[PDB]
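To start, the structure itself, in structure tokens.
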Amino acid sequence: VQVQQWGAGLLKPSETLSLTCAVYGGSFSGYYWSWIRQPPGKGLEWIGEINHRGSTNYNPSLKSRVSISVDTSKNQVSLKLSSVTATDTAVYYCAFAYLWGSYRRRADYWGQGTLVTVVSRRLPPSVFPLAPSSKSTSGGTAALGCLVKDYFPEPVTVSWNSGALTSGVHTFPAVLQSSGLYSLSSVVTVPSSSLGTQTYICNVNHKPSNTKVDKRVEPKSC
Amino acid sequence: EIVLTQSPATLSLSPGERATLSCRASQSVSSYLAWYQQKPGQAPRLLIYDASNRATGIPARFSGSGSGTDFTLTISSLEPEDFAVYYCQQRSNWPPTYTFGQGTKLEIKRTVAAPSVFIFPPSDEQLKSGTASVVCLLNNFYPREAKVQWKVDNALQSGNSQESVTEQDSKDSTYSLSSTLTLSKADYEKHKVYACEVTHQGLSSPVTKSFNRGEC
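Here you go:
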């Protein structure tokens with residue numbers, strides 16, 4: 001049993017959010033689908049629910065903008081949210097629940113969520129290398145990284161060596177400055193002995209501005 | 223409006239210990255109370271529904287009890303995978319609506335670990351751009367609490383630095399912290415010595431990592 005989520009997550013203000021989910025691979029009798037959202041770094045907010053019979057309950061603070069429907073032919077649920085603004089930016093989850101067995105035990109499954117970002121503007125990051133030097137070495141290892149400066153909106157993803165290097169990578173949570181722009185850094189520990197021969201590249205992807213940047217981090221000598 | 227208050231806000235314990243989390247409602251919600259677990263970057267997961275029932279596939283070490291206004295979630299013997307944020311959720315009104323508590327964060331308590339302090343002078347590319355950022359890195363420490371002060375030519379800074387901390391590492395249960403001091407190229411060229419000074423519970427003296435502008 002698995003839940004799959006679909007739908008566009010980069011929107012402009014006043015547009016209409018439109019998401020859909022489906023669940024795979026058991027029989028079901030009756031069931032309930034729920035939509036729940038989580039703004040970045042905040043708590044959970046319930047959107048509404050719908051059963052296999054199509055009866056819906058909605059959060060009245062969204063009510064008048066929100067609609068939830070089912071297609072019971074394929075275990076599909078859909079969410080539409082109209083007239084979106086920045087306060088609707090959030091990860092949107094669909095959750096599927098039913099009762100099974102002689103004891104009518106509740107089984108409950110969440111999709112992994114769709115990040116929805118409502119912005120009218122875009123500014124890509126500038127990526128700068130954080131060079132390993134004597135100043136970032138400890139006993140055979142050296143820390144290096146990339147500074148990802150002054151982008152908007154969230155989020156950026158950082159990988160290393162096109163995802164081949166994962167162990168020990170610390171990609172910090174972005175900071176929102178009073179200037180209105182975000183910055184983060186990403187760091188990783190490598191052997192000093194590879195610094196001459198192994199090349200290290202951060203892969204910074206900023207989907208909201210549709211920009212991907214590769215920055216090679218070369219070593220420094222003091 | 224019905225308000226759920228969770229306590230304690232934060233909690234550090236080791237595997238094998240028992241934890242009991244509290245959720246208190248502003249008014250009675252009968253048995254309409256659910257508990258959720260959420261790990262970093264993961265969807266919430268239902269644990270307990272209708273105050274005391276275990277969801278399918280949820281281990282026997284999770285239990286809930288309570289009614290009316292006072293509810294608890296108990297993990298009898300904590301496993302490493304049980305450290306996470308736990309949310310309570312209540313149902314009320316007609317038509318029914320749901321509300322969530324603000325959450326209890328339960329982290330792993332390990333032995334104290336001092337941070338390794340590293341400093342990064344601004345890149346050659348960044349200095350040509352017109353600003354200079356100096357990054358101070360505190361790697362793999364515990365507990366979470368740490369202090370970083372910036373001193374440039376023996377005078378300390380304020381309002382020009384930003385701090386960021388990772389979540390608890392899933393493998394050694396440590397944290398790391400970044401502090402970034404940002405100046406204009408003009409201000410950066412006014413001074414020579416840039417010092418990151420660090421205090422932590424795991425250190426016996428404040429640790430400084432330093433460089434001089436232009437010498438690296």
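Protein sequences, first through last, are from chains P and U. 74 is the number that the working numbering gives to position 74 of the first sequence; each next residue is one higher, with no gaps. 278 is the number that the working numbering gives to position 56 of the second sequence; each next residue is one higher, with no gaps. Backbone N, C-alpha and C define an ideal beta-carbon position, used for all residues, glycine too.
Best match in the options for proximity to residue i [C-alpha to C-alpha]
i	options	result
residue 408/U	366/U, 384/U, 350/U	350/U
residue 432/U	391/U, 386/U, 358/U, 424/U	358/U
residue 201/P	166/P, 208/P, 81/P, 12/P	166/P
residue 218/P	128/P, 59/P, 105/P	128/P
residue 418/U	299/U, 264/U, 338/U	338/U
residue 2/P	126/P, 196/P, 110/P	110/P
residue 238/U	437/U, 317/U, 298/U	298/U
residue 212/U	404/U, 397/U, 266/U	This structure gives no information on residue 212/U, because the portion of chain U shown stretches from 223 to 438.
residue 151/P	183/P, 142/P, 172/P	183/P
residue 376/U	277/U, 413/U, 423/U	413/U
residue 314/U	59/P, 97/P, 197/P, 95/P	59/P
residue 434/U	356/U, 259/U, 284/U	356/U
residue 336/U	379/U, 346/U, 343/U, 398/U	398/U
residue 270/U	263/U, 334/U, 236/U, 284/U	284/U
residue 258/U	369/U, 421/U, 324/U, 426/U	324/U
residue 199/P	32/P, 210/P, 214/P	214/P
residue 327/U	303/U, 371/U, 400/U, 234/U	234/U
residue 403/U	296/U, 241/U, 281/U, 353/U	353/U
Per-residue contacts from residue i into chain P (C-beta, under 7 Å)
i	result
residue 182/U	The question about residue 182/U has no answer, for chain U in this structure spans 223 to 438.
residue 443/U	Because chain U spans 223 through 438 in this model, residue 443/U falls outside it and cannot be assessed.
residue 348/U	128
DSSP bridge partner residues for residue i (one or two, in chain order)
i	result
residue 33/P	50/P, 96/P
residue 89/P	DSSP output for residue 89/P lists no bridge partner at all.
residue 197/P	Answer is none; residue 197/P lacks a bridge partner.
residue 103/P	Looking at the DSSP assignment, residue 103/P forms no beta bridge with any residue, so it has no partner.
residue 224/U	Residue 224/U pairs with nothing; no bridge assigned.
residue 172/P	According to DSSP, residue 172/P bridges with nothing at all.
residue 304/U	Answer is none; residue 304/U lacks a bridge partner.
residue 335/U	364/U
residue 164/P	Answer is none; residue 164/P lacks a bridge partner.
residue 377/U	374/U
Residue interval of the alpha helix (DSSP H) (run including residue i)
i	result
residue 409/U	407–410
residue 350/U	346–351
Start and end residues, beta strand (DSSP E) containing residue i
i	result
residue 259/U	255–260
residue 244/U	241–247
residue 215/P	211–216
residue 154/P	Premise fails: residue 154/P is in no beta strand (DSSP E) and is neither H nor E.
residue 327/U	326–330
residue 385/U	383–387
residue 413/U	Per DSSP, residue 413/U belongs to no beta strand (DSSP E) and is neither H nor E.
residue 341/U	338–342
residue 4/P	2–6
residue 434/U	429–434
residue 297/U	292–297
Cross-chain neighbours of residue i in chain P, by beta carbon under 9 Å
i	result
residue 369/U	Residues of chain P passing the Cβ test: none, with the nearest at roughly 17 Å.
residue 438/U	131, 133, 134, 135, 220, 221, 222
Neighbouring residues, chain U, relative to residue i (Cβ below 8 Å)
i	result
residue 71/P	Residues of chain U passing the Cβ test: none, with the nearest at roughly 22 Å.
Distance cut-off 7 Å: residue i Cβ against heavy atoms of the ligand COA
i	result
residue 158/P	Questions concerning the ligand COA fall outside what the structure shown contains, since it holds no ligand whatsoever.
Proximal residues of chain U, C-beta to C-beta of residue i below 7 Å
i	result
residue 202/P	Simply none; closest approach about 12 Å.
residue 22/P	Under the 7 Å cutoff, chain U gives no residues; its nearest Cβ is about 16 Å from residue 22/P.
Within chain P, the residues that residue i reaches when beta carbons sit closer than 8 Å
i	result
residue 277/U	105, 106, 107, 108
| task | Would you check if the segment 285–294 of chain U and the segment 251–261 of chain U touch, i.e. whether three or more CB-CB distances between them fall below 8 Å? | result | A contact is defined here as three or more CB-CB pairs under 8 Å, and the segment 251–261 of chain U meets this definition with respect to the segment 285–294 of chain U.
| Any contact of the segment 149–159 of chain P with the segment 383–391 of chain U, i.e. 3+ C-beta pairs under 8 Å? | Taking a cut-off of 8 Å for Cβ pairs, the segment 149–159 of chain P and the segment 383–391 of chain U do not touch, as fewer than three such pairs fall below it.
| request: May I ask you to verify whether the segment 13–20 of chain P touches the segment 81–90 of chain P, counting CB pairs closer than 8 Å and requiring at least 3? | output: Verdict: yes, contact present.
| So, do the segment 42–62 of chain P and the segment 316–331 of chain U have three or more beta carbon pairs nearer to each other than 8 Å? | The segment 42–62 of chain P makes contact with the segment 316–331 of chain U: 3 or more CB pairs, one atom from each, lie closer than 8 Å.
| query | Counting pairs of beta carbons, one from the segment 140–147 of chain P and one from the segment 363–379 of chain U, are three or more of them closer than 8 Å? | reply | At 8 Å Cβ cutoff, the stretches do not touch.
| field | Cβ contact check for the segment 272–279 of chain U and the segment 120–138 of chain P: 3 or more pairs under 8 Å | value | The segment 120–138 of chain P and the segment 272–279 of chain U do not touch, with fewer than three beta-carbon pairs separated by less than 8 Å.
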